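Notes follow the structure.
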Amino acid sequence: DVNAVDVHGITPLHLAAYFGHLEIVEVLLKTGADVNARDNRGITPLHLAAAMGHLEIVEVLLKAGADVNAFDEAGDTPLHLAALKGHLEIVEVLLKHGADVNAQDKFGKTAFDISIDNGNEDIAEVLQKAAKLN
Amino acid sequence: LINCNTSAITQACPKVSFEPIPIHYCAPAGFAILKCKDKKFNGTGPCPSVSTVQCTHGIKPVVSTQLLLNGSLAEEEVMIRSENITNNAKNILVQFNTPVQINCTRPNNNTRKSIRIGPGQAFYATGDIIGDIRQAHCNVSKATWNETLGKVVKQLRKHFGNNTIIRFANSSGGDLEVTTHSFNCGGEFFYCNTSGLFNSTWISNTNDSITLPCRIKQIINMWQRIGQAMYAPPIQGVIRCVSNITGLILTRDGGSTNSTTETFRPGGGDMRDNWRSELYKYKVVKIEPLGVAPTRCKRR
Amino acid sequence: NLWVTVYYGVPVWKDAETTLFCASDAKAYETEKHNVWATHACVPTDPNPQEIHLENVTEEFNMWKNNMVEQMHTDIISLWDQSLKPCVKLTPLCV
Amino acid sequence: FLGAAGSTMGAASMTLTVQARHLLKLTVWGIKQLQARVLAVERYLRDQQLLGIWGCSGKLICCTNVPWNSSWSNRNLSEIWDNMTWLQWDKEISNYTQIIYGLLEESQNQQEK
Amino acid sequence: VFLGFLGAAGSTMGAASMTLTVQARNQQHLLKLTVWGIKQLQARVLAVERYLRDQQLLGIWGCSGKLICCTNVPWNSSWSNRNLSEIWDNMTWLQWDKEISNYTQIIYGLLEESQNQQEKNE
Amino acid sequence: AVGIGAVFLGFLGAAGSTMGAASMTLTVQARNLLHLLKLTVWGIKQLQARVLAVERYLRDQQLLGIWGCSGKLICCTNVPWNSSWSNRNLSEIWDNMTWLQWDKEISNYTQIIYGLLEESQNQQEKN
Ligand SMILES: *[C@@H]1O[C@H](CO)[C@@H](O[C@@H]2O[C@H](CO)[C@@H](O[C@@H]3O[C@H](CO[C@H]4O[C@H](CO)[C@@H](O)[C@H](O)[C@@H]4O)[C@@H](O)[C@H](O[C@H]4O[C@H](CO)[C@@H](O)[C@H](O)[C@@H]4O)[C@@H]3O)[C@H](O)[C@H]2NC(C)=O)[C@H](O)[C@H]1NC(C)=O
Ligand SMILES: *[C@@H]1O[C@H](CO)[C@@H](O[C@@H]2O[C@H](CO)[C@@H](O[C@@H]3O[C@H](CO)[C@@H](O)[C@H](O)[C@@H]3O)[C@H](O)[C@H]2NC(C)=O)[C@H](O)[C@H]1NC(C)=O
Ligand SMILES: *[C@@H]1O[C@H](CO)[C@@H](O[C@@H]2O[C@H](CO)[C@@H](O[C@@H]3O[C@H](CO)[C@@H](O)[C@H](O)[C@@H]3O)[C@H](O)[C@H]2NC(C)=O)[C@H](O)[C@H]1NC(C)=O
Ligand SMILES: *[C@@H]1O[C@H](CO)[C@@H](O[C@@H]2O[C@H](CO)[C@@H](O)[C@H](O)[C@H]2NC(C)=O)[C@H](O)[C@H]1NC(C)=O
Ligand SMILES: *[C@@H]1O[C@H](CO)[C@@H](O[C@@H]2O[C@H](CO)[C@@H](O)[C@H](O)[C@H]2NC(C)=O)[C@H](O)[C@H]1NC(C)=O
Ligand SMILES: *[C@@H]1O[C@H](CO)[C@@H](O[C@@H]2O[C@H](CO)[C@@H](O)[C@H](O)[C@H]2NC(C)=O)[C@H](O)[C@H]1NC(C)=O
Ligand SMILES: *[C@@H]1O[C@H](CO)[C@@H](O[C@@H]2O[C@H](CO)[C@@H](O)[C@H](O)[C@H]2NC(C)=O)[C@H](O)[C@H]1NC(C)=O
Ligand SMILES: *[C@@H]1O[C@H](CO)[C@@H](O[C@@H]2O[C@H](CO)[C@@H](O)[C@H](O)[C@H]2NC(C)=O)[C@H](O)[C@H]1NC(C)=O
Ligand SMILES: *[C@@H]1O[C@H](CO)[C@@H](O)[C@H](O)[C@H]1NC(C)=O
Ligand SMILES: *[C@@H]1O[C@H](CO)[C@@H](O)[C@H](O)[C@H]1NC(C)=O
Ligand SMILES: *[C@@H]1O[C@H](CO)[C@@H](O)[C@H](O)[C@H]1NC(C)=O
Ligand SMILES: *[C@@H]1O[C@H](CO)[C@@H](O)[C@H](O)[C@H]1NC(C)=O
Ligand SMILES: *[C@@H]1O[C@H](CO)[C@@H](O)[C@H](O)[C@H]1NC(C)=O
Ligand SMILES: *[C@@H]1O[C@H](CO)[C@@H](O)[C@H](O)[C@H]1NC(C)=O
Ligand SMILES: *[C@@H]1O[C@H](CO)[C@@H](O)[C@H](O)[C@H]1NC(C)=O
Ligand SMILES: *[C@@H]1O[C@H](CO)[C@@H](O)[C@H](O)[C@H]1NC(C)=O
Ligand SMILES: *[C@@H]1O[C@H](CO)[C@@H](O)[C@H](O)[C@H]1NC(C)=O
Ligand SMILES: *[C@@H]1O[C@H](CO)[C@@H](O)[C@H](O)[C@H]1NC(C)=O
Ligand SMILES: *[C@@H]1O[C@H](CO)[C@@H](O)[C@H](O)[C@H]1NC(C)=O
Ligand SMILES: *[C@@H]1O[C@H](CO)[C@@H](O)[C@H](O)[C@H]1NC(C)=O
Ligand SMILES: *[C@@H]1O[C@H](CO)[C@@H](O)[C@H](O)[C@H]1NC(C)=O
Ligand SMILES: *[C@@H]1O[C@H](CO)[C@@H](O)[C@H](O)[C@H]1NC(C)=O
Ligand SMILES: *[C@@H]1O[C@H](CO)[C@@H](O)[C@H](O)[C@H]1NC(C)=O
Ligand SMILES: *[C@@H]1O[C@H](CO)[C@@H](O)[C@H](O)[C@H]1NC(C)=O
Ligand SMILES: *[C@@H]1O[C@H](CO)[C@@H](O)[C@H](O)[C@H]1NC(C)=O
Ligand SMILES: *[C@@H]1O[C@H](CO)[C@@H](O)[C@H](O)[C@H]1NC(C)=O
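Protein chains in written order, with the entry's author numbering: chain A, 29 to 162; chain B, 193 to 309, 312 to 321, 321A, 322 to 399, 411 to 504; chain C, 33 to 127; chain D, 522 to 542, 564 to 655; chain E, 518 to 543, 562 to 657; chain F, 512 to 545, 564 to 656.
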């Protein structure tokens, strides 16, 4: 099934974005899978694609219509997951789509503060450039 | 630009139980099967004792890479077989004289939790609750498998010099079907790390179980044709399969180094090699009774 | 001079290629796909297989050039094509 | 007929003259035994129909007046009868089997004339 | 045997003799398979029996083992009344025994009597 | 046992007849030769009987055709007749005796008769 769902809310599109395979992602988005499919914890496939560091999967999801500021149970945008593990290009692509730099999670932490906390200054400078040009 | 357009087919997964059943092959009418009972078969060459049979023995159609789980046992000792020696491009196949019993468990509690604090708690928890579904660890006994490795290096001394040492490394790299031991129990395909299994070097005049991790992947590269596939999520119940290890597939790294230290890696990847490992000593023939022979005989 | 004579009843075999029928002792009480393929496509096994051993025989074996395995490979391809169907399957088709 | 192949050429030439003298399960195995026996009989009659062209029909040992090239045997032929078996000899002349059969059939054609 | 004969039945008889020569040089699914197998085996067994009967009839005529055999019975113009030049070109094998079906038995008996006379001459 | 198994006893008739009459009537007698469980289990047994009859007939025909008489019911062979086998006239055996008593006479000798026929055919093929 294209839109198959388990008891925990994970569709095959979540695992396809997780495991880093572009062909299954394209095929599922061609057949009509939900680009904004949400599980019990509010995770979108853009979250798993952005956090692990797969660029083209993020591009295929965003041109299919995925939400850029999508919020999970904890209120985390895919920008927070992109800046969580030092992925500069995913942050740059999400700001090219228009991710919110002022978006805060349930812990009140922005992408600015978690980029500062993780010690990756290069992502923080790009986020500062994006916030200045907003 | 050459038009290479992929075609995909989506159909609902049966999610059914799957076990291999030993099947036999028999010759049809007008044909016979020859079997060699010599222990030193050598692969290519003459066989001293050839006997005719009407059917094969028990063949279990098992697909596995770098190891053979369910298969026939060697009769007398360990033999290796290869098409060419030091060609470094053809697989070397080993049948063990004694079975190495391997057992593998997967935890089905699904209660492993960590008290995470700070940002990223939701993604950590999601990664934990996903990885509890896809994680396994198989057991290998050191005491029996080390003895079989000591037997197979003793058998490997004959083909290569026996003056320079040989050693074992892990898989070189490439597709995940080749680099990891891919085997199925209950319809779920397990990719098992074998890096620590082949870890030791061997020099001449020479109770715990080493665990080996196995990650479950839903996307497989199928062995029939080239391509990709996707299957059903794994069953929430526990899957435990208990079986021997009968065969081993090894690729030898060719060495231009003057020290000539031989390196062996687990290869596999071709199941035709796996079914050649069980049909090594069998041939199919037909009967031609009419023949000619010249002699000094006049007609009428 | 030499002349050609013909001889019949001579025990000479030649290697060849034929379709080999599978044999499997399957009961088909279970709904296993590997079991039902064995029931649908194979016969049961030999009860008393006749083993005849030869005293003097010379035979050159070449199992790497063995054909027998080439048919059984496509047999297992058919076996898991009828036994297991994936949720999504993809193959490249290039002009 | 494939048995006793361990003997040599000159011994097989003598021993061929000696040679001259649960219900669904049982049905599906007996039917394959019947295929074996019926195709054995059919192969025997087909080979006798083939041998009827050469004039040696019904006779196990026969003689013709068909000329034999020394290039086919490529051997002095004195020692092939005592120490060399049939199985090696058939593989010696495997490339040159159809042309001598064609030589027999036209030789019997002028034997008709 | 009999199944392969029927192909190319209506071709011309002169080429049919040569292609005759180069011819004669030569759980419900399981139950259905076995019952059609035993039907095919019964067909093959009766084919072998009919071949045995016709070969023994040729042995009565003295033509045992010969698919093409020459006899000494003279041809009678009242049997066919057909020219020799066009019978082998412009007539098939199937029309020939349709053209003689009342007269084949006297030919059979006189051939048997000629073989018996030839045996008596020895 | 239908067909070939019937004609194995087909020539058994007129067994007590005159020796000269049966040999003429061999040609005439040879010329005179012409629901679930029933077809799956029962049919293969009659198929076995019929193919056994065919196998016996071809074995007997091959043994007859060893001596150069393939397809011939009556054939003359160049083997001379030793006087120690019969030491009787040609007239009285064909005018008085029968086949059963004659095989009772030559059951001791027919084993070397078959071998001497094979040797004579081998000598014929040698020259
Ligand atoms: C090499 O050969 C060995 C020997 O056959 C194989 O080892 C077998 O491995 C399989 C795993 O794939 C084992 O099968 C498991 O059996 C469990 C026990 O239940 C069985 O017994 C009860 C009572 O008799 C039956 O009612 C039941 O149907 C089973 O036959 C099952 O619990 C397992 O899963 C079952 O239950 C789940 C519950 O959700 C279902 O979803 C499943 O579909 C399934 O029905 C599983 O079937 C088997 O026992 C092992 N045999 C042994 C130890 O002798 C190796 O797997 C083989 N190697 C390879 C690579 O295949
Ligand atoms: C089995 O493997 C061995 C190698 O382990 C093969 O031997 C090698 O065969 C190649 C091909 O013929 C040889 O290459 C040739 O070298 C000469 C110069 O020596 C060159 O002039 C030719 O043009 C050609 O390149 C090579 O020398 C030889 N030996 C080695 C590498 O030591 C062998 O052929 C293989 N046999 C089979 C049956 O696969
Ligand atoms: C066989 O064993 C070797 C040695 O352990 C394995 O090599 C290791 O491979 C992993 C990736 O598979 C490497 O990790 C990577 O390191 C880079 C370093 O920059 C890092 O950027 C990546 O994020 C990743 O962590 C690891 O370094 C490497 N180790 C060595 C010593 O080279 C190899 O993978 C094993 N092969 C198999 C099939 O098991
Ligand atoms: C085992 O098989 C190998 C196959 O390569 C045999 O190797 C032969 O070695 C000789 C040595 O010069 C070559 O001339 C041959 O071409 C090789 N191949 C064959 C098929 O003979 C080896 O001799 C075999 N050993 C035993 C004990 O049988
Ligand atoms: C198989 O296990 C080995 C460890 O025995 C893995 O090697 C480790 O890989 C991680 C990932 O980069 C490194 O951080 C470790 O330092 C490595 N340890 C050693 C001892 O090399 C290897 O990656 C595993 N194979 C697979 C395919 O996962
Ligand atoms: C692993 O190998 C052992 C050793 O051969 C197997 O145990 C044998 O099983 C067969 C089948 O019933 C018996 O006939 C033998 O007597 C057993 N031998 C011993 C020494 O116990 C065992 O079955 C194998 N495991 C699997 C899953 O096949
Ligand atoms: C060839 O056929 C003719 C005509 O059929 C035969 O003619 C016979 O003629 C006499 C005349 O008194 C009749 O008594 C016969 O009954 C006719 N026989 C037949 C078969 O009808 C003639 O005998 C035949 N034989 C040959 C070769 O001349
Ligand atoms: C008829 O058969 C007898 C034996 O039954 C033959 O008698 C042999 O004759 C030779 C010499 O000619 C003796 O050396 C043998 O001892 C005799 N007996 C045996 C048992 O061989 C007799 O020669 C035969 N006659 C013909 C004409 O063949
Ligand atoms: C799973 O639960 C059982 C029973 O509570 C326990 O004995 C076992 O150790 C648990 N497994 C793990 C891996 O902790
Ligand atoms: C075998 O591996 C499992 C993990 O799958 C582990 O719990 C168990 O302790 C291992 N067995 C031994 C004897 O170490
Ligand atoms: C699994 O195999 C190991 C081999 O080291 C053995 O010690 C252990 O007892 C086995 N466990 C079971 C449950 O059979
Ligand atoms: C066990 O393995 C070690 C290498 O880790 C080796 O030195 C030792 O000889 C082995 N024991 C045997 C083969 O009995
Ligand atoms: C080792 O190699 C030598 C050649 O140097 C050879 O004679 C011997 O048979 C080989 N094997 C052993 C076990 O020594
Ligand atoms: C083998 O495993 C040990 C584990 O302690 C590791 O330290 C070592 O690097 C591995 N490789 C070799 C060649 O010993
Ligand atoms: C064939 O086998 C027999 C077995 O008794 C033996 O006596 C004979 O010498 C063998 N023939 C050979 C080796 O040529
Ligand atoms: C050998 O074969 C040739 C044909 O290649 C043929 O012309 C010749 O007659 C044969 N015999 C001899 C003795 O050359
Ligand atoms: C063939 O063998 C005989 C007998 O040993 C010998 O006289 C003759 O010279 C040989 N001929 C050849 C061509 O070797
Ligand atoms: C028969 O022909 C093949 C064709 O290449 C050749 O390889 C083989 O050596 C020939 N057999 C002989 C000459 O005995
Ligand atoms: C059928 O007749 C046509 C007439 O043109 C001829 O070409 C063809 O060869 C004939 N087919 C056969 C099988 O004789
Ligand atoms: C017909 O028969 C006559 C007389 O036998 C003959 O001369 C002629 O060639 C035959 N053929 C044709 C086509 O007239
Ligand atoms: C063959 O016969 C037909 C009439 O059936 C006639 O039309 C045709 O012209 C004839 N052809 C030959 C070859 O004589
Ligand atoms: C052959 O005999 C039948 C029997 O009455 C008859 O109908 C037919 O006309 C006859 N054919 C010829 C050509 O005489
Ligand atoms: C049987 O014997 C009697 C005695 O006179 C004779 O008349 C009769 O013809 C014999 N039977 C046969 C079939 O010869
Ligand atoms: C055998 O026949 C001859 C000539 O007919 C005769 O003289 C002789 O008496 C007969 N002998 C016997 C025993 O009948
Ligand atoms: C015929 O045989 C019987 C019994 O052996 C005998 O009584 C009778 O005299 C014989 N007749 C002739 C003419 O030999
Ligand atoms: C034939 O053999 C039997 C065997 O008991 C014997 O009684 C009989 O006298 C023998 N007859 C002749 C004529 O040798």
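Each residue gets a CB set at the ideal place from its N, CA and C atoms; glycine is no exception.
With distance defined between alpha-carbon atoms, name the residue in the options nearest to residue i.
i	options	result
residue 177 of chain A	A:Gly-70, A:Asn-162, A:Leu-89, A:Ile-118	The question about residue 177 of chain A has no answer here: the residues shown for chain A are numbered 29 through 162.
B:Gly-389	B:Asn-339, B:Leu-193, B:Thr-357	B:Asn-339
B:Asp-457	B:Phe-468, B:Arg-429, B:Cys-296, B:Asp-325	B:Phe-468
B:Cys-378	B:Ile-323, B:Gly-451, B:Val-442	B:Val-442
D:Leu-565	C:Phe-53, C:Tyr-40, C:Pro-76	C:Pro-76
E:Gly-521	E:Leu-602, E:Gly-531, E:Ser-636, E:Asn-543	E:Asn-543
D:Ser-599	E:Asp-589, E:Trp-571, E:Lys-574, E:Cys-598	E:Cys-598
B:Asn-355	B:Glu-466, B:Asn-234, B:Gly-431	B:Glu-466
Would you mind telling me which residues of chain D sit closer than 9 Å to residue i, beta carbon to beta carbon, in chain order?
i	result
F:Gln-640	Residues of chain D passing the Cβ test: none, with the nearest at roughly 11 Å.
Helix, strand or coil: how does DSSP classify residue i here?
i	result
B:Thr-464	coil
B:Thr-198	strand
F:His-564	coil
C:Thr-51	coil
B:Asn-289	coil
A:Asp-95	coil
A:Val-154	helix
B:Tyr-318	helix
Mind checking residue i: buried by the 16 CB within 10 Å criterion, or exposed?
i	result
A:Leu-123	buried
E:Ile-635	exposed
B:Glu-482	buried
Starting from residue i, find everything on chain D with Cβ-Cβ shorter than 7 Å and list it in chain order.
i	result
C:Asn-98	Neighbours of C:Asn-98 on chain D: none; closest Cβ ~18 Å, over 7 Å.
E:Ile-573	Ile-573
List, in chain order, every chain A residue whose beta-carbon is nearer than 9 Å to that of residue i.
i	result
C:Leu-122	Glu-51, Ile-52, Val-55
What does residue i reach in chain B if we use C-beta pairs closer than 8 Å?
i	result
C:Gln-82	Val-245, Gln-246
Can you list the residues of chain F that residue i reaches, using a CB-CB cut of under 7 Å?
i	result
D:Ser-599	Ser-599
Report task. May I ask you to verify whether the segment 337-351 of chain B touches the segment 378-389 of chain B, counting CB pairs closer than 8 Å and requiring at least 3? Result -> The segment 337-351 of chain B vs the segment 378-389 of chain B: no contact.
Query - At least 3 beta-carbon pairs within less than 8 Å: the segment 608-622 of chain D vs the segment 621-630 of chain E - result: no
Query raised in the report: Touching or not, the segment 256-264 of chain B and the segment 87-105 of chain C, by the rule of three or more beta carbon pairs under 8 Å?
Result: no
Report task. Pair every Cβ in the segment 54-65 of chain C with every Cβ in the segment 194-203 of chain B, then say whether three or more of these pairs are closer than 8 Å. Result -> no
Query raised in the report: Taking three-plus beta-carbon pairs below 8 Å as touching, is the segment 475-495 of chain B in contact with the segment 41-48 of chain C?
Result: yes
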